[PDB]
Structure formats: C-alpha cells, structure tokens
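Below is one structure, written out as structure tokens; the observations come after it.
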Amino acid sequence: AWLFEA
Amino acid sequence: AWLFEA
Amino acid sequence: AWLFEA
Amino acid sequence: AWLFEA
Amino acid sequence: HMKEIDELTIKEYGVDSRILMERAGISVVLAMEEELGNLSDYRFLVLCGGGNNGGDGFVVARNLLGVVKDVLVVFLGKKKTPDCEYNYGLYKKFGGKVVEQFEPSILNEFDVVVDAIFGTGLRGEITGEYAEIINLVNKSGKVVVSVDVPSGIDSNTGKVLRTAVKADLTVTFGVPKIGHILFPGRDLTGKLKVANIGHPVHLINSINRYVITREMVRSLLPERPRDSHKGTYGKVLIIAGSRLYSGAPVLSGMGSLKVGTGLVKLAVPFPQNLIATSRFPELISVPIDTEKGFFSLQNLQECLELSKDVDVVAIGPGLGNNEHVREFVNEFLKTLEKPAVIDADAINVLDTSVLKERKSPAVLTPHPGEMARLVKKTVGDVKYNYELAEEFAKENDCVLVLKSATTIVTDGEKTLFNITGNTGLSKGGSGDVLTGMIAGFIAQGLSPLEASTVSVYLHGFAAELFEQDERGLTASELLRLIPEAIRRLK
Amino acid sequence: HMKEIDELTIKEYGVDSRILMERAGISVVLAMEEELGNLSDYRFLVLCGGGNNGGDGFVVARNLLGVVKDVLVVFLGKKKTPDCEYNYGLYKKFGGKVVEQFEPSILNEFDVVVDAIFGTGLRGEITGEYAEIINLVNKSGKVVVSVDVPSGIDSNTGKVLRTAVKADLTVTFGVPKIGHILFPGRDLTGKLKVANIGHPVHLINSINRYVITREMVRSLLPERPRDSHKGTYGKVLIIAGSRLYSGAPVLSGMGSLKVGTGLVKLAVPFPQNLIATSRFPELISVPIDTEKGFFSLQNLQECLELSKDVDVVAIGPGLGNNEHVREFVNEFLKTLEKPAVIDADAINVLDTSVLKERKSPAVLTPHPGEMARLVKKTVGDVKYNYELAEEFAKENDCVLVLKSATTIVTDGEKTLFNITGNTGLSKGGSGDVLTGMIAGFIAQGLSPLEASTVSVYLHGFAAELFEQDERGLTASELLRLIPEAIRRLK
Amino acid sequence: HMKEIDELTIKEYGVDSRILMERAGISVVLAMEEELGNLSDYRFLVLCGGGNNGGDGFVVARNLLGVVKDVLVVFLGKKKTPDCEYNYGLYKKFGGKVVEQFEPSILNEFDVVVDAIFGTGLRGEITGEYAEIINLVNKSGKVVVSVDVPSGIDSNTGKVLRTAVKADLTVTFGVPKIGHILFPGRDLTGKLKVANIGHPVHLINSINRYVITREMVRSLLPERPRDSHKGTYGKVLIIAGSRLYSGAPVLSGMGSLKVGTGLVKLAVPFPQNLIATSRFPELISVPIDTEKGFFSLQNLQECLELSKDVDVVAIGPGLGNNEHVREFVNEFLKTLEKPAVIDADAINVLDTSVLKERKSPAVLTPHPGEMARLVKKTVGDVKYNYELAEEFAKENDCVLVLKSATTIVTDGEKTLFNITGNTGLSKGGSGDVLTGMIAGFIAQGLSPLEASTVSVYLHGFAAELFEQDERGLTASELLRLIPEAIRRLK
Ligand SMILES: NC(=O)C1=CN([C@@H]2O[C@H](COP(=O)(O)OP(=O)(O)OC[C@H]3O[C@@H](n4cnc5c(N)ncnc54)[C@H](O)[C@@H]3O)[C@@H](O)[C@H]2O)[C@@H](O)CC1
Ligand SMILES: NC(=O)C1=CN([C@@H]2O[C@H](COP(=O)(O)OP(=O)(O)OC[C@H]3O[C@@H](n4cnc5c(N)ncnc54)[C@H](O)[C@@H]3O)[C@@H](O)[C@H]2O)[C@@H](O)CC1
Ligand SMILES: NC(=O)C1=CN([C@@H]2O[C@H](COP(=O)(O)OP(=O)(O)OC[C@H]3O[C@@H](n4cnc5c(N)ncnc54)[C@H](O)[C@@H]3O)[C@@H](O)[C@H]2O)[C@@H](O)CC1
Ligand SMILES: [K+]
Ligand SMILES: [K+]
Ligand SMILES: [K+]
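See the structure below:
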C-alpha cells in the first residue's frame, strides 16, 4: 500500500 | 491435433 | 508402443 | 530484483 | 488538477521538480516488475515526447540500463523541457542509446513498449509521425505500459484525440485522472496503478471528484443494531407500473427489500399489482383503480395518502409516458413532502420547475437517453458529461445519478464515479432494481447522495458476482446477488 | 568505497545528490513494508544525526507522514549537511514534528525505531547522549531498522566503536559494506537488504571485494560431461595423519571424494592408514613406514614418488608438530612441483620462504590461531584482518583461506567473503573436510582461487542443511551433506 | 545394417520405397508433436540434403504445410535421389517454399530446425556450406530435431565427422544405430525415439547388436524359490587386496552379497583382511600370510584349496601390479577349473595365453586404460571399439566387459550395449563393486554373458537412483542402492 493504490 | 480431429 | 520405442 | 538484493 | 498539485509541491513545499520526476519514473519500473515479474530478460522500447511525460520516460529508460536485456529510446519531440532535458542527459551519460527516427520494423526487436509520448499536456488531435507510431504500437501485440495516461487520451474527459495508445498497464501519479475513469479512456488504460510520488497527502486528499471505493461504501452502510424491528429500517412506497409494464414495480420493490428496508409497498394499477405478489409474496402491492391502465390525476389523492406513512417514495418505473401520467407525476411531486427517487417514465414527463419548488430532497436516475430528453440535448452531448451533471444537480437542488458503464453521482458540489459492474447490467430491468436500492438506503437513514453512492457500487458489484457469462444476467438474478455483494463488502 | 561511487555519480554522471538521498530514503520505506507488512498502524521514531545518514532519515520520516499512525524525529546533531538541511526543511514543511531533546520514556510511545544517526561517516568511539540513546534503543525491545549501517559499526572493518545499534533490519545502498560482512558488525546488522539507489551499474560492479553468492558458485562448478571416467575428474594425494591423529586423513580424503574427485589416495603412517579404509573402503590409504608414528625426512622420497601420478597434493591434517615433521614438510614442499593445499600442522611448521621459492601454486587454510603463529602476531590482530590476508597472499604468491564465521579468501588481488555456515562447523574435523574439498576441486580443473571459493561456500551450505540442532553436527555428518549442498546449488 | 533391412523390405517384401519414406516423415511429425505439444504456433526450418535423409525431410515439410505457422525448406544438395526428387515435387505441388541459398540471419524467423541434411549416407568429413550451416544451427538456440541421425555423426561408430548437429530430439527408423549409443554420438542425439516405419518385425529382430533393456534384465534375473537356503544362491571367492589397497576387496564382496549371493569369502593379505569385517561383518575375510603384503606363488596352494568349495572366483581388485602378483595370477588362472571374473590388477598382469588354455569360462572387466595395455594399443584406439572387443572375446573364448559411459558386453557372437549410469560411477571403487556383482550372478546360475548383462545394467541403474548430486556418489552408497535398483527393475 505505501507506493501503489489500485 | 496433427493426426486426429474429434 | 505401436509407433515408438524409447 | 530491480530494487533489492539480499 | 494534478497540475495545481505538482506546482504547489514544487513552489510552496519546495520539492525539486527533478525529485518528483525521478519518483515518477521509478514507480513505473516497480509497477512493471509487479506486473511482468523479473524484468531482466525483456527488451524495452521507450517512446519519449519532449514534455515532462517524456522526461518520466527517460527516467524509466535510465533505470533499466544494465539491468534488462535491452533498452532503446525513440525521442519523437522537437524541443525538451528542462527536466526532460536533464533526464535525457543522464540517460546518455549512463550509456543509453537514443534515436530520433522511427522504423516500422523497430517493434520487432522489443518485448515491451513504454509509452511516454504525451501525458496530461496533450492538446489537440494526434497526427503525423506521432499518430503513425501510436498506430504501429497498437498493431504490434507487444506489452504496452503507459506513463501517466495513454498517449492520445484527454485526461480531463477520457476522449480519444484522433488516435490513442491502448495500454496493458498505466501507471499514474498521485491520483487517478478523469480520463482513466470515463470511456473510451477507461478501456485504453488497461490495468491502472496509482503511484505515490511524494506529494503531500493533504494535497492528494483535497481533490473534489473521485472513485467510489470499497472502503467508502463499507463506512456508509447503515448499522444493524440487534435490538431493532422493521420500523428501524424504514418504509418505502413505490409508485410504478401500468398495463404496459407490469414487471418493473416488482424489480424496484425487491431492490428495496434486498438492501435491508423494513417495509416495501407498491402502488400499481389493478390487476397488474397482483403480478408482484405472485412472484414475491413478501411485497405489499396495493391495487390502484385506473381508467385505462395508467396512473392519472384521478389517483393523486390516494397516492398522497399512501405517502403519509412512508419515509421515501420512488416513482417512475414502468409508468408509461402519456399526458395523464405527465399531469399526475408533476402534481404529485409538487405536493409530496418526502424524499423522492425519480426514475424512468417519471423523468420522461418531469417538469424540472417542480424540482426547483420542492422543499424535500430528490434523486434522479436517468440513463443518457433520458437525460438527453430532460435537458433537450443530444445523447452524445450528455454522455459522460460530468460538468453538465453537476450544473443540473446544483440548479435543481437534487442528486443526479447518470447511469452508464461508469456512473456519475453528483449533488453539484461533490461528484463520485462508479466503476463496478459489467455488461450484464446493459439490459432492461437493471435500472428498475437500482431505483429500489436507492429508496431503500434512504429509508434506512442515508442521505440521498450517500444512498446513491452505496447503491451504484453494490448494484455493479452484484453483477460481477454472477457465476455464469455476464450477458445472461437478468434482473431477477441480480436481485439474488445483492445480499452476497453486501456480505463481500463487509 | 561507496564514497568514491557517490562522488562520481554526482560529479561526473550528474545525478543531483538530493535525488540519491530521496532514492535512499524511499528504499528504506519499501524495505520496511516488505518486512513489516502494512505500515499504517505503526508508530515510528526516527533518530537523525546531522550528516547525510540523518538526511536519509529525514526522507524516511517525510515519506511516512500522513500514512502511518505516528512519526517523530529526534534530531541529535549540531550542524546539518546541505542535503540533511534540505530534507529537514521538507519534513517540517510537510507538517513533521522534530524534537532535539531525547527522553528515556520516549521509546514507550513508538513501535519502530529508524536508526539514521551515523552511517559510513562514523569516526571514533560513540559517547555522550549518542551512546545513551543507542543503549536505550538496544534495551527497548522495539523493531529497529538501520539506515545504511547500524550506528556505531565501522563500515570498513565491522568493529563496534564503543557501542552500536543492534538492528532487526539494515537497508544499505548500492553494495554491502565490509562492516555488514565481518563480525561483530554482521551480527548487529540483522537482516540486510541492498538497495539500488541509481548508481551506474558499471560503478557498482567495479568493487574489488565481495560476498560469495550462490550464482557465482553455480557458474564455477566443474562440468560433468557424460563421456568421462575417473581420470577426467583428477587425482589427489593427501599426506596426513600420525600416531596421534588417525582420523583427520579420513575426513580430508572423503572431502575430496564427495565433491566429485576421480581418485583419492592417502599416505598415512602404518597402522593408522588402515583406519581410513575400515570406515570408507572406497579410499586408498597407503601405509607409510615411520620410526615413531610421524612423518620424517626418511619418508621424503616415497611421498615425492606418490606425488608424480597426481594432480594436487594436500598436506597437514593430523601430521603433528615436531621437528621431524617440520623438516619433512618444508623439504617436501620445496621439491614438489604440483599444486599444494597446506593446512593444520603443515602450516604450523611451514617456513614461509619455501612458498616464495615454489614455482607451483599453493592454497593455505589457517584458522586465526594458526595464522597468528604463522605471521607472529596475536589472534586478535589477524582475526578478520583482510588487509593482512591480502598482503600475505600477494607476498607469498598463494591463495589464503582464513577460516572463521565469515571466511576470507584472497590471492592478494581479489578478496571474497563467505557467509554460509553455522556453529556446527566450530568443532574439530570440519577443517580437515574443507582441505579435501579444495584439493578435490583443484584436481577437477578449478584454479586454486576458484577451488577455494566454491569449497568454503559449499562446506558452509552443507552445515546449514543438517536436519537437527547445529551444535550436534559432526564432521562425518558434514560429509554426507556435501552432495545435497551441490544438488541444491544447482 | 538398416540398409540391408530397407533393401530387403523394398526388393523382397515389395513395400514401395516411397511408402517407407512417407512413414518415416510422418513418424517425425508425430514425434515432434509428442515432444512440443501442439505444433500449430511454431515456425519450421527444414534443412534437406539431396539423399534419402533429405527426402524424409521433404515429407516432414509437406505434412506441416497449412497446419503450422510457417515452413521453409533450405535445400543444400546438388542432385536428388529419386525418392527425394518425388517428395520435393510433392512439397512444391502442395504450395511449399524452397530456397537453395542459406542466410546467417535465416535462423531468426524460425523456432524449430528439422535436420534432414545427412543420415546413414554420410561419408567423410563435413566441410563448406554444410559445415557453416550446421555450426550456425548449433549456435542458434532453436529446438533441433534430427531425422534418423544428427548430421555429421557416423552412424556405425558414433564419431563426429568434423562437425555435427547437436539435437534436442532424434527420430530414428526401425532400430537404434550404433552412433546413437556410443559417444560422442549418444550425446549429440539428445532424446532418441525409435519409430516403426513398416519393416517386417522378423527383420527388425534379427539385428545382432543391441541395447540392454529393462525387459531383457527382468527376464534374466534369477528365481528366488521360497524353499531355498544359502547354498541355493551359490558361493563366491574373491581374491583381492594388498598392503596398498585394503578397501577394494570389501567393495567387491559386498557387490556379490547385494545381488543375492548366498555366501561370499574374501582372501586378502593379513592384516588387511580384517578391514572388511570391521565394516561389514557379514563378509567372511580369510587372512592370507604374505611375505611383503602382496599375493605371490607362496599362496597358490591355499587359494586353489579355498576355490574347491565355491562356484566362481573373482580375482584382481586391489592386488597390485608387480612380478610376484603376475606369477601368482597366471599360475592360479591356469590351474583353476571354475568360472573366473578377472578385473583390475589381474588384467594388468594377465598373460592372455592363459585364457586360451583354460577350459573353464572367464569374464574380463577392463576399463579402456586396462584394455589398451592388455592388447598393446592406445586408449583412443580401444575406446568404444566394439569390433576389437568382439575379436578379443572370440579369440580368447571369454566374455569381455569394456567399461565406459556406454559399456560394451560381448562374447564375440552377441554384443550388448549398456546405457544406464551417470558420472557418479567415474570414481575409484565403482568397478570393484561391478566385479562382485558379476561373480554373484554367476554363482546364482547365470551364464557369464547373462551375469555381465544384468550386472552392468543394475550397476548403472543403482547410480541413477542416488538422491543427491551424482558427483558425490561413492562406492559405499552405490552398494546401498543395488537392492533398490533390483526392486524397481521388478
Ligand atoms: N420489465 C419491465 O417492466 C421493464 C420496463 N422498463 C420501463 O420501460 C420504460 C421506458 O424505458 P426505456 O429506457 O426503455 O425508454 P426511455 O423512453 O426512458 O428512453 C429514452 C430513449 O433512450 C434510448 N435508450 C434506452 N436505454 C438507453 C441507454 N442506456 N442509453 C442511451 N439511450 C438509451 C431508447 O431509444 C429510448 O427510447 C420505463 O418506464 C422503464 O421503467 C424498463 O426498465 C425495461 C424493463
Ligand atoms: N579427528 C582428528 O584427527 C582431528 C585432528 N585435528 C588436527 O589437530 C591438529 C592441531 O590442530 P588445532 O587447530 O587443534 O591446533 P593448532 O595447533 O593448529 O592451533 C593453534 C592454536 O589455536 C587455538 N585454536 C584452535 N582453533 C582455533 C580457531 N578456530 N581460532 C582461533 N584459535 C584456535 C588453539 O589454542 C591452538 O593451540 C591439526 O593437525 C589438525 O588437523 C583437528 O582438525 C581436529 C580433529
Ligand atoms: N578403494 C580401493 O582400494 C581402490 C582400488 N582400486 C584398485 O587400483 C588398482 C589400479 O587401478 P586403476 O584403474 O587406478 O589403474 P590401472 O593401472 O588398472 O589403469 C591403467 C591406467 O589407465 C588410466 N585410467 C584409469 N581409469 C581409467 C578409465 N576409466 N579409462 C581410461 N583410462 C583410465 C590410469 O592412468 C591408469 O594408470 C586396481 O587394482 C583397482 O582395483 C581402484 O578400483 C580404485 C579404488
Ligand atoms: K503517455
Ligand atoms: K545508521
Ligand atoms: K540428419
């Protein structure tokens, strides 16, 4: 979760 | 598949 | 076995 | 592998 | 706008533009790795424009150098922005190869295309060698990864500007853009990853338009306290149906029941009212005496009476569109002092002045064909037109739910986009269910905007849980899947 | 040095120092996430010095802000370097909280400590509030993540400079440092992740000292062509054993056989030679007639004869250390024109002038007690002293394998560090096996440096595959596990 | 020869040569499908010479046309034989594309190479464009399927005629050829499939040289009737060992026991005889009093006495090779009227006149180094020289077991080839075990040729069942695996 949201 | 179809 | 031996 | 080696 | 957000992050927070660009590029590399696995055997063709999208591209290319089998940049611009120029310079200093001429056969020696031609700076139609190259990429069958937005999609609208790249994966920065959410852009985006590139979280959270997520719907679902009874969960009246359309009332009524409403009554012309209970005897279906099979002013007083003992009224599914219906709908909505959910044929005869004079709230649920007739524009001018939706909601003091593969929900201040669902909802009846769902959540205590947000999400999610091919989904099966959608959401 | 590498990457390649620092900090965040899972519930205490290690720290803290439950920076320095100053400034602009006073109770409100006090810029012993705080962290039981190197470890030697942080996880940049590889540093590092922060790959690869990896050993293992016979895989003679030490020859001989050598002969004083074949009848064990149970000059001619028909000779395990042994070993090594593997009591009596005059190659396998006596220094001065090892190898034209929990392998130009193994090898006999392994790989065609690199890796890896508690591992069980190590390596 | 078999099948049985060629080609197609799965996505490059091998090639190419993604024939010959000409004609009539010029880059557009350049008609070294093309194929990394034999292998000997194709799969017709069985040919053949192309079964079965199969070994294994005792399963004496080689007797003795022999006695110089029982107390190990640690004529009468009460005598492992051994071995073998298994140092001192005058049978088990010294030729002239082996066996009235990666077993009339085993047998001691196995099966009632056939198979099969890397296999572990080989054979 820190780098990417979907 | 080369020799036979069903 | 009819066509091929290994 | 791009970011981290162990 | 992300533009405002980049600028503030650079000029007021003091983050060097180059640091944001480096963070952008590396998030593309990590996203590719997550999607392709180990990158080392792949050959990469990075297509860079002269803007900051291209600069992100150069960061990607530089970071692959020496770690993958091959990297080539085709630089397609004329001038370079300062950050693109800096990163081109680094790419070359690190040993990278750039060409400025594009060969039709070039695609053959590469496995992955990184599309960093145009991002949010696209203006106007794509032509020339830009177009030729995008068309060559689209015919190539290679894996395509787009930087920020697929080149050729207008990031504010999702429209294709003559031609656009079709991506397997798009990596966007900070927030999704409207062009990833609306079609055709949504389709060309492929799988979307939203990367954190170091904007302050406060700026990211301040965007006024967004996608309805599972977490947002989870926190809006009403509470089910154990010490409750049917009155806890409200009452809905549905005014629906006609001699022509005897099934629509049933789909709406069950829509209300399946989302947890305590009591649902239909008012439907006799004998069509009896259809509902023959199929779902848990429904109450009140017979309305009509002259010719349609609601008219002769039924005004009975409906207003039935309305006194409910929390919300839905009107419109299956009513028919003729003059006696038109007179009834408008006089009724003018006098009704309850929240109204207005769908289908009630929209088709609606005098919008009536919305303006109502003190009570309303939600309107048109498809674009109905919205077009309502505002007297063409379908193509209202479809995905979220600014028109906002202006309409604000001027008429309502919530507008404009249904399509991506559904827009707005009260004029806040606009939400729904992306659950599939083509099994592109079939008559699916709308009638949604109308019931919305009225149901209003009856349980959600605001009209909240009820609408939760309903469009769950309605789409229920379609996705159908076990067989989506084109076979019918409204009855949709109803059965609602409580499974609710369970999975929790 | 990473210092040379940072400088060149900034000054010659043109990467802004701030971009390297941002990349460093975010790689710490991603490493923490990989290790802890979702970070959002955790509370972080970031301890920053005034150097660039602290600056990396500020990048970490800034990137956690708004995404985790809590972040606090304790800034412990006086002045800030320019990049630390820039990143402190960003951390504060983004809303971050910094204190300069450290409270003993502070640790109580945090779950994770990020240690960014000192990195490779540590000079001299840690004292004062630096020491007090490190000691408080070490007593706290919190999760400790160190930036680059645990503060207090000398990154060039692995020594503790008065006190040092004990980390669960260390994230280092570009290449591992010597202080993560040698003890006590290796122990204080905990789990080590090496992050790519954007140095050119050419610079990263140019480091002259490194860790022996699985991939390096895989590519060095000799080929086993199907059309082969025992002669394909070479012949070893082992000159070993005495009336005192009848078992050492056996462990060495089987060490050679288990790595794939075609033929192994021992020369061992009679009747002790018979011990070997009673246990492993595949060995050939030649009886040597001695006066008193030890090799002497009376046996010189027979051993040189036995040596004519072999590819490599190992000498030393179990020979004993007395004057007749000393005369034999030195005269033999002076006349032998084959590669020699020199261990144990052959090292203990070795005249190093003999190594200088030999035309043929040699590998020496001392433990630090033997190396100390060889160069006439204390154990503590030779232990982990890789510069002394290098100088020795270069001056005597040999390969030096200095055995310890981390084993140093060097020919004076290239130095490799082995980190496989466990404390089951800290037991008599484990060395005797390694001597056989090395001779074996030489017989199969590897160079002395290659044979040594492969052997120390596989020897340590075999120990790790023991199924029960490592302290129960004995040399006989070690032998059984060698061919499993080889299979797993492939 | 398959040539005799093709001719008779055409000229006497009346099968059109074209029908045999069609059957050959289609068996290649079916073999490829079995190995690659569905062929339809693959692109095929068929390299045809002008002989009948090329004609088979044309049949392959024609049968792929319209069913795979692409087929191209490169015809490399000058003239075509009539059947090659006929099939070239069909390939073209069916729409096939042929080129006669070979491009270095041609390999790039194809996934599979079908090698139909040369078969059994190869004569002399390959040079010119034939060589260049074969070398280009070997560097290409494509899947290579050879028709009949990899082009460049001499099908009668397995030798490489300057250069040869390295295949993933070879499809051969009727019977395997010697060049698929002996190395280097065996290695270049890759996986071998033997196709029935319609030869009468009587002709196929009449070949005098063949591969030892699982079924052949199963039917030769002696019976274990339940009402039996140790005497049922025979007695072996092993005369072996010396002061130099105390372990070899043990490996031979246990070799006999592990194949089911009822009683095994060793005669070994004292005190080396005691080594055997210290390791395997089930062995009987008789002390022989010697002058200097080696058998001599002083021991002749005792050994002949020990021989009276046994079924078979093995002699040679570990005896040493000196004059007193030479005199003993020869006088003993001249007087011994029992079957003898003669190995190792007994071969090295053997006077072959003694074999000629013996009435009792013998089996000899040399490696090529020992065979070379026995017949006074170079290793390279005896290695894989099955005609020399046959002539030797016939002239000396013995069975010759010439050990190598492929082992030749012959009595001069029948020659069998063993292909079980791996490089774990390329290590001292593995031979000593085999000697025991052979003597063991003779003691149980198999003829010398039968005992040898079964033993070489099972010995190789036991090596293959080792659980860890083969290069770590030692003779002691080999012994443990024999009874598992026996179980798996049944
Ligand atoms: N089982 C039933 O009883 C059903 C009754 N239904 C009722 O049928 C009545 C008429 O509804 P309709 O939507 O068919 O027609 P409308 O008159 O509301 O639609 C306006 C026009 O738009 C077009 N159109 C239809 N769906 C569209 C879309 N998704 N996007 C763009 N254009 C579209 C059609 O040409 C249609 O004439 C309503 O009262 C509705 O409730 C429908 O819901 C279908 C099922
Ligand atoms: N089963 C056997 O036959 C064994 C025989 N061995 C033989 O015993 C002989 C003497 O070898 P040792 O190493 O015991 O003594 P050495 O005389 O070679 O060692 C020098 C001194 O260093 C100390 N020491 C031992 N191991 C050390 C280490 N790992 N680090 C630092 N100091 C250490 C000891 O006090 C020792 O006296 C050699 O010939 C060796 O091959 C040993 O390998 C043990 C097993
Ligand atoms: N554990 C033991 O007690 C062992 C004893 N062994 C004994 O050692 C004695 C000598 O046997 P070797 O075979 O070593 O020497 P030999 O003297 O029988 O071999 C003739 C020569 O051929 C070469 N050679 C060895 N193996 C070869 C192969 N597979 N192909 C081609 N050339 C080869 C060597 O240079 C050797 O000198 C025999 O009595 C044998 O039984 C060997 O079996 C090894 C194990
Ligand atoms: K793009
Ligand atoms: K640190
Ligand atoms: K061929």
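Chains as they are written, first to last, in PDB author numbering: chain A, 2 to 7; chain B, 2 to 7; chain C, 2 to 7; chain D, 2 to 7; chain E, 0 to 489; chain F, 0 to 489; chain G, 0 to 489.
C-beta atoms are modelled at their ideal positions from N, C-alpha and C, and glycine is treated no differently.
- For residue 2(B), at least one C-beta of chain G is nearer than 8 Å to its own C-beta.
- The contact set of residue 39(F) on chain A, defined by CB atoms closer than 8 Å, consists of 2 in chain order.
- Residue 433(E) and residue 101(E) have their alpha carbons spaced roughly 51 Å apart.
- In the structure shown, the three-state DSSP call for residue 236(G) is strand.
- Shortest Cα-Cα distance from residue 172(F) to any of 78(F), 0(F), 320(F), 327(F) involves 0(F).
- By the C-beta criterion, the segment 285-293 of chain F is judged not to be in contact with the segment 224-233 of chain F, since fewer than 3 inter-stretch pairs fall below 8 Å.
- Residue 285(G) is a Cβ neighbour of residue 272(G), given a cutoff of 8 Å.
- In this structure the segment 87-95 of chain E lies against the segment 44-63 of chain E, because at least three pairs of beta carbons, one per stretch, are closer than 8 Å.
- Around the beta-carbon of residue 2(A), fewer than 16 other beta-carbon atoms lie within 10 Å, marking it exposed.
- Looking from the CA of residue 109(G), the closest CA among 69(G), 119(G), 137(G) belongs to 69(G).
- Non-local beta-carbon contacts of residue 220(F) in its own chain, meaning distances under 8 Å to residues more than five positions away in sequence, involve 453, 485, 488, 489 in chain order.
- Annotation: Cβ neighbours of residue 28(G) in chain B (cutoff 9 Å, chain order): 3, 4.
- Taken from the Cβ of residue 283(F), at least one heavy atom of ligand 3 lies inside 7 Å.
- Counting along the chain, the unbroken beta strand (DSSP E) around residue 115(F) starts and ends at 111-115.
- Neighbours of residue 12(F) in chain E, taken as residues whose beta carbon is under 9 Å from its own, are 89, 92, 93 in chain order.
- In the DSSP assignment, residue 456(F) falls within the unbroken alpha helix (DSSP H) covering 447-463.
- The C-beta distance from residue 237(F) to residue 218(F) rounds to 28 Å, too long to meet the 8 Å contact threshold.
- Per DSSP, the continuous beta strand (DSSP E) segment holding residue 416(E) begins and ends at 414-417.
- With contact defined as three or more Cβ pairs closer than 8 Å, the segment 130-138 of chain G and the segment 160-180 of chain G are in contact.
- Note on geometry: alpha-carbon atoms of residue 97(F) and residue 30(F) lie some 23 Å from one another.
- Closer than 9 Å at the C-beta level to chain E, one finds these residues of the segment 45-72 of chain F: 61, 62, 64, 65, 66.
- Annotated three-state conformation of residue 74(F) is strand, per DSSP.
- DSSP places residue 83(F) in no beta strand (DSSP E) but in the uninterrupted alpha helix (DSSP H) bounded by 81-92.
- The beta carbon of residue 148(G) sits closer than 7 Å to at least one heavy atom of ligand 6.
- Relative to ligand 4, residue 417(F) has its C-beta separated by 7 Å or more from all heavy atoms.
- Annotated three-state conformation of residue 291(G) is coil, per DSSP.
- Restricting attention to 267(G), 53(G), 447(G), 199(G), the CA atom closest to the CA of residue 74(G) is found in 53(G).
- Contact between the segment 244-258 of chain F and the segment 444-463 of chain G is absent: fewer than three C-beta pairs spanning the two stretches fall below 8 Å.
- At a cut-off of 8 Å between C-beta atoms, residue 32(F) counts as an interface residue with respect to chain A.
- Listed in chain order, the alpha helix (DSSP H) runs fully inside the segment 152-208 of chain F are 177-180, 184-188, 200-204, counting runs of at least 4 residues.
- According to DSSP, residue pairing for residue 396(G) in a beta bridge does not occur.
- A straight line joining the alpha-carbon of residue 346(F) with that of residue 356(F) spans about 16 Å.
- At a cut-off of 7 Å, the beta-carbon of residue 179(F) does not count as near ligand 2: no heavy atom of the ligand is closer than that.
- Contact residues of the segment 129-152 of chain E toward chain A are absent (C-beta to C-beta distance below 9 Å).
- DSSP places residue 363(E) in the strand class (E or B) of the three-state scheme.
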